[PDB]
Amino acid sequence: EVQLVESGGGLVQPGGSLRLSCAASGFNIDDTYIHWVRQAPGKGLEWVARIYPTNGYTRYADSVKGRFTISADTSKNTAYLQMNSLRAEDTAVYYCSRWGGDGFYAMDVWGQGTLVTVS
């Protein structure tokens, strides 16, 4: 069955770095896009970034652009969000998701979420 599992969340100092992983099962991430979405207290859901793992093409929201990068290891079937220069506002639950049927099914599979706390 199709699943995404995130890991890497935890407590990190302001200005520090963290890497989140998003491991896929039951489909190949290089057949789709992987998105990251975060839920900061009081700010609903915010789209953060996406990657097309075939060629590593990326897009970033203005809020994280220039600080966060996405990568993917297609052999491990895993995407990564590399977070740099972390600030208070980056405190959130981070989700990964796939763009099912290259967007026809919107975000049809979601990870369980991992909390990042900038302290």
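All residue numbers are counted from 1 along the displayed sequence.
K.L.:
Return whichever of 40-48 and 53-61 has the greater mean Cα B factor according to the PDB record.
P.N.:
Higher mean C-alpha B-factor: 40-48.
K.L.:
With respect to the recorded C-alpha B factors, which stretch has the higher mean value, 96-104 or 13-21?
P.N.:
Result of the comparison: 13-21.
K.L.:
Sorting the chain's CA B-factors, does residue 91 end up in the lowest, middle or highest third?
P.N.:
Answer is middle: the recorded C-alpha B-factor places it there.
K.L.:
Where does residue 84 sit by CA temperature factor within its chain: lowest, middle or highest third?
P.N.:
Residue 84: CA B-factor falls in the highest third of its chain.
K.L.:
Where does the C-alpha B-factor of residue 71 rank in its chain, lowest, middle or highest third?
P.N.:
Middle third.
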